[PDB]
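So the sequences go chain by chain: A and B.
Counting in our numbering, the first sequence runs from -2 upward without gaps.
Counting in our numbering, the second sequence runs from 766 upward without gaps.
For reference, the structure discussed in these notes is given below.
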Amino acid sequence: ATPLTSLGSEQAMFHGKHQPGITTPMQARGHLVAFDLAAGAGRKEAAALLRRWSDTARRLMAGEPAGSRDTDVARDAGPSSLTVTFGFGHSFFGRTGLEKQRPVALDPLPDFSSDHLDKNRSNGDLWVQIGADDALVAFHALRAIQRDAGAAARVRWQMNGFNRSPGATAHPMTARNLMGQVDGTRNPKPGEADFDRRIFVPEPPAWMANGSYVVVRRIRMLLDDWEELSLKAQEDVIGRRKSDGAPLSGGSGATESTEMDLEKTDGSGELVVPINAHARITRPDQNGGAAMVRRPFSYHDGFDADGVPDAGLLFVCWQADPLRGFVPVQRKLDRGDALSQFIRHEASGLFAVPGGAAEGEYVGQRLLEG
Amino acid sequence: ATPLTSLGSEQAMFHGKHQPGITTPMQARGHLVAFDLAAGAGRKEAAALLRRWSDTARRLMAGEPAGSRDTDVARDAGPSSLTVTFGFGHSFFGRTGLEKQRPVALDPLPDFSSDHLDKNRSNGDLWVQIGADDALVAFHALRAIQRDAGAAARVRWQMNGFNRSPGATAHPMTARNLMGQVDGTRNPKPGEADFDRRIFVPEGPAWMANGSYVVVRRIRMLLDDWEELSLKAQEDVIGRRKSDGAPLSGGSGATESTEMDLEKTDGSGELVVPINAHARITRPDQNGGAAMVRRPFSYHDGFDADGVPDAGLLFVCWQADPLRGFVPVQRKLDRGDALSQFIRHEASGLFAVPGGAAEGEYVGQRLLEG
Ligand code: HEM
Ligand code: HEM
């Protein structure tokens, strides 16, 4: 039996080959933040900031108070699966005399025809992902990281999200999103032969060894439109059942794990999984092997004057190279996906997330020490 | 040993003498929403709305889907302690020909000198409180309630909140707030002799029988100033220790439940619990018996362009009469409370929350039938 107390007592590793928050299980609470370096902050100031942040992250992920006078907001709680993950934006390198170390992988994402990006709420020099299963643990961490930045960097944008909690279901199962879909069934996962090739920069720029590239997209769901559709219409947009996430090509004994049949046709000769269904056209085998790990949070930030919900998905994906992951898939989806009609990409960021800190190190040390 | 599945499996009762969400334990996720009646919505349209809303609440609190057009967002989750609670504002009665039934208890709150209220995110004809320990369960309920409003009402304002998750601590403990304080120790509970008298209208206008009056305050915490204080300074603002919630008058053996000594002085003759300490001056015995149940959520909605967090407490208190609860205590706190310097009241609502629905009834039926 899994005890209730495991929610708090579960602890993620800070030190490791890879940073936490990539293969870590889904967390109930998320805070994404971007910071811009202050005028006059260069390499040396940036290195000091990453040391402060890494010292803080190490402490908080072990359920210990912050290095400087802790607020007590997380006191009483266990680590609650807190993770803190750090990335660097294209713009960071030009602020710190590190242009020669800027990866080609940080070249700007395309201007997709369906983009509706608030550029002020996009991009940024530095990115931090905080997640935990307790909201006080998570907020405490956000606040400590943000306070560590002080005058050295300002908050450029900051978004809040959530997911299903541990124990909400009778047994662990794939999460849902605010469209009601089963979301998370098909991802690359650790132990697959090609997982590292797909997701992480290998050990043989050198500072990104064992790192990954994240693309963040704030995707509003057009729930007012979506929720007027029939079930058949909604399932045809994805190619999978809302009940259990099974492919539409499955019968009654099909489950979430049943393999999709992309050739199956009904009695009229029409494909059972539609030609433009999201879960057809996003597959690696439909994109020359293009692949990513998806690890999102859902969001809801209110209603506008007409009752339209500011709700959707904080889409967060991980890949060794955006040109073999997010970019080619999104080029296809832009106009090609049945889902595009029902969503709006409203903010974006692409960040280089290095390998995990070893004992005594700070995240990004190889970059900033050189 | 309490299993993790209890987070999802626990179920609150909808039907009863009192509405749920008053004495119910704290929940990890909250949504507060106010609605204004649309043009063309009078008594009969409001009665139909409360019928819809009550049926939605009944189903969803039992872990069932909505009666029709369910979105599947909560599917597979247990009830996760979902509660839905309904109230009526002062403005409701003049929109529905029900002025004769408007309780005196809904008379407008004082304009306190410390108020900085957003009129547009304050008050409203109707209020709904949604809470649960799973965020998908909670969102699904918010969306269902909001979609039941249809042509009858528009969202006036809506706020998100959070608290500690079940299982975050190694055993059940009093909550904390974003100032890092123990918060909730001296909350009145069923089983204390004056509880029913303090909190519920007795078996006012008859339609309010077994109801309670809620005052909602969106109180921003001035965390930038608060977190520059010493521990000693912070503990003097409240009169209780941050570590364990004990009164400052207590010894090293004292805990949160240790009775406060209001006369105790130090070696220089100065009061150990300061004269203007929040946890001194808010006591019923310092306010001629004025008392309330407090059952809040914390909030954080991001950062403004200047780096200031929009974070604080959704203060939600319950009393049989605001003039014997919130009102006289807040008159005293307004300028008198050491805490006032570090908080800002930025929205407010006062709602009449009637008794619970009996089997075969809807909430507010004694008011609205006709
Ligand atoms: C709000 C926006 C989106 C929604 C609601 C959504 C929903 C889903 C759903 C329901 C599935 C099927 C279950 C699963 O395997 O996870 C799925 C699969 C997937 N989606 Fe999305 N998706 C969104 C955006 C994106 C974007 C922007 C990309 C990439 C550019 C993407 C890439 C994928 C991939 C790669 C799969 C797995 C395909 C496979 O190998 O089976 N999705 N999505
Ligand atoms: C963000 C704003 C506020 C914060 C941070 C705060 C914090 C606290 C803390 C830490 C305690 C002591 C522990 C406890 O017994 O719960 C407490 C007690 C209390 N507060 Fe507040 N408070 C706030 C606003 C208010 C307001 C607006 C009122 C009423 C108008 C209020 C009424 C009370 C009462 C009645 C008690 C219990 C006193 C007793 O009988 O021991 N508080 N508050």
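Idealized CB from N, CA, C, for every residue including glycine.
Quiz item: Is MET1025/B closer than 8 Å to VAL1038/B when the C-beta atoms are compared?
Solution: yes
Quiz prompt | Where the alpha helix (DSSP H) containing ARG215/A begins and where it ends | solution = Per DSSP, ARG215/A lies in no alpha helix (DSSP H); the unbroken beta strand (DSSP E) holding it starts and ends at 209 to 218.
Quiz prompt | Identity of the residue in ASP108/A, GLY147/A, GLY361/A nearest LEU34/A by Cα | solution = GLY147/A
Quiz item: In angstroms, rounded to a whole number, what distance separates the CA positions of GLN792/B and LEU320/A?
Solution: So the two alpha carbons sit approximately 43 Å from each other.
Practice problem: With a threshold of 16 other CB atoms inside 10 Å of the CB of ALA897/B, please say whether the residue is buried or exposed. | Solution: buried
Quiz item: Along the chain, where does the alpha helix (DSSP H) that runs through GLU810/B open and close?
Solution: For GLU810/B, the uninterrupted alpha helix (DSSP H) segment begins and ends at 808 to 826.
Quiz item: Any idea what DSSP makes of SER88/A, helix, strand or coil?
Solution: helix
Practice problem: With a 10 Å radius around its C-beta and 16 neighbouring C-beta atoms as the bar for buried, classify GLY27/A as buried or exposed. | Solution: buried
Exercise. Sort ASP301/A, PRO306/A, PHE323/A by Cα distance to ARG291/A and report the nearest one.
Key: Taking the Cα of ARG291/A as reference, the smallest distance to any Cα among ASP301/A, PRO306/A, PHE323/A is reached at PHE323/A.
Quiz item: Going by the C-beta, is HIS275/A closer than 7 Å to any heavy atom of ligand 1?
Solution: Yes, the beta carbon of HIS275/A sits closer than 7 Å to at least one heavy atom of ligand 1.
Quiz item: Regarding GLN946/B and ligand 2, is the C-beta to nearest heavy atom distance less than 7 Å?
Solution: True, at least one ligand heavy atom lies under 7 Å from that Cβ.
Exercise. Could you check how far apart the C-beta atoms of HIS12/A and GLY353/A are, in whole angstroms? I think they sit under 8 Å.
Key: 6 Å
Self-check item: Where the beta strand (DSSP E) containing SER1017/B begins and where it ends
Solution: Note, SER1017/B: premise wrong, no beta strand (DSSP E); not H, not E.
Quiz item: Alpha carbon to alpha carbon, what distance is there between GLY1018/B and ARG886/B?
Solution: 45 Å
Self-check item: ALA349/A versus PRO202/A: straight-line alpha-carbon distance, rounded
Solution: 11 Å
Quiz item: In the structure shown, what three-state DSSP assignment does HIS168/A receive?
Solution: coil
Quiz item: Is DSSP giving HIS15/A helix, strand or coil here?
Solution: coil
Quiz item: Are any of the Cβ atoms in chain B nearer than 8 Å to that of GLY128/A?
Solution: no
Quiz item: Can you find a C-beta in chain B that's less than 8 Å from the C-beta of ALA132/A?
Solution: yes
Quiz item: Quick one: is the Cβ of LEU330/A within less than 7 Å of any heavy atom of ligand 1?
Solution: yes
Quiz item: Around the Cβ of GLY1010/B, are there at least 16 other Cβ atoms within 10 angstroms (buried) or fewer (exposed)?
Solution: buried
Self-check item: Interface flag, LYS229/A vs chain B, CB-CB below 8 Å
Solution: No, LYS229/A does not count as interfacial toward chain B.
Practice problem: Grab the span of the alpha helix (DSSP H) containing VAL1038/B for me, first residue to last. | Solution: It is not in any alpha helix (DSSP H) - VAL1038/B carries neither H nor E in the DSSP assignment.
Exercise. Indicate the three-state DSSP secondary structure (helix, strand or coil) for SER774/B in the structure shown.
Key: helix
Self-check item: Spatial neighbours of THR171/A in its chain, beta-carbon cut-off 8 Å, leaving aside the 5 residues before and after
Solution: Here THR171/A has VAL179, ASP180, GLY181, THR182, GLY242, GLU253 as same chain residues with Cβ atoms under 8 Å from its own Cβ, once five neighbours each way along the sequence are excluded.
Exercise. Work out the CA separation of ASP145/A and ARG1109/B for me, nearest whole Å.
Key: Going by the C-alpha atoms only, they are around 25 Å apart.
Quiz item: Ends of the alpha helix (DSSP H) at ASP898/B?
Solution: Unbroken run through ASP898/B: none, as it is neither H nor E.
Quiz item: Are the C-beta atoms of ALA251/A and some chain B residue less than 8 Å apart?
Solution: no
Practice problem: With a threshold of 16 other CB atoms inside 10 Å of the CB of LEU226/A, please say whether the residue is buried or exposed. | Solution: Per the 10 Å Cβ criterion, exposed.
Quiz item: So does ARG951/B have its beta carbon nearer than 7 Å to some heavy atom of ligand 2?
Solution: yes
Quiz item: Quick check: the stretch 964 to 983 of chain B against the stretch 926 to 936 of chain B, are there 3 or more CB pairs under 8 Å?
Solution: Short answer: they don't touch.
Quiz item: Within 10 angstroms of its Cβ, does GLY1015/B collect 16 or more other Cβ (buried), or is it exposed?
Solution: buried
Self-check item: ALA308/A in three-state terms, based on DSSP
Solution: strand
Quiz item: Can you find a C-beta in chain B that's less than 8 Å from the C-beta of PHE300/A?
Solution: yes
Self-check item: 8 Å Cβ cutoff met for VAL213/A and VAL313/A
Solution: yes
Exercise. Starting from the beta carbon of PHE323/A, find every residue of chain B whose beta carbon is closer than 9 Å, and list them in chain order.
Key: Those do not exist, as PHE323/A stays about 25 Å from chain B at its closest Cβ, beyond 9 Å.
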